[PDB]
Amino acid sequence: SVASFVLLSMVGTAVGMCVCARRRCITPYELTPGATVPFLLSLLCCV
Amino acid sequence: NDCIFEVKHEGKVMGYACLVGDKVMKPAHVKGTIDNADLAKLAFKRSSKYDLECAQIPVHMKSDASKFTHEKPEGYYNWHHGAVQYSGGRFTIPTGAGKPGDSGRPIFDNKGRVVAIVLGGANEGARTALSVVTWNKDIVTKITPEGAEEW
Amino acid sequence: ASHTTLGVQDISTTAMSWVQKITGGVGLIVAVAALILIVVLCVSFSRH
């Protein structure tokens, strides 16, 4: 029971950190007037 | 005349919001609410790296937008209180022009195109240097001289 | 009885083999996530 709880915690941390990185990667492009996000990031990375 | 709006908090004017391109911009350190009823209901995203906030412009207000550009050759430029000089990568204003409480005003090119948004300045005897928010192709930057203080 | 008792570390070879596989797979998923965060945070800092 104890080991099962810990392993569920560690996988949760992996998902949370990926969420944090997406925000900082895309934020600059949303403030420039008239700018268009590049295709690679638009679809694949920081999607 | 029409593209600039006043920001008021408890009857006092703190700054201005400008309508450029397809977004509505406002410096992030300025408190208060927007005078216009329709704009007050939009949701904004904040970023303390650049002290800026932006959103998408609603449709039926589109005719009031100004134009913008990204080329900055050396020469003379204009704003509300007179002329401004750009040389060596800095904005120059003759001292005493400008007082705190006048943030959020655009700087215009020769044809009237918006090039920068000013927030604060530094103190020097004869001429003063400014801190501005500018842009380039697909990015945004912030230029800050030594010793600048917020307006 | 004519022998001593057993401790926590005395388990079968097959059971120990399964413990390594499950623990390692989780650890890999965390490490890759941490690598992505460091590169994006570093490149953001120097760009400004």
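Just so you know, the numbers here start at 1 and follow the chain as drawn.
Using the three backbone atoms N, Cα and C, a Cβ is placed for every residue, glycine included.
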Query - Given ranges B:29-39, B:73-83, B:84-94, B:139-149, the stretch to which Swiss-Prot attaches the annotation region 'Dimerization of the capsid protein' - result: B:73-83
Query raised in the report: For the region 'Dimerization of the capsid protein' (B:73-83) and the region 'Interaction with spike glycoprotein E2' (B:45-50), does the number of C-beta pairs under 8 Å, pairs 6 or more apart in sequence, reach 3 or more?
Result: no
Query raised in the report: What are the helix, strand and coil residue counts for the motif 'Nuclear export signal' (B:34-44) according to DSSP?
Result: 3 helix, 1 strand, 7 coil
Report summary line: In three-state DSSP terms, B:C3 (disulfide bond) is classed as coil
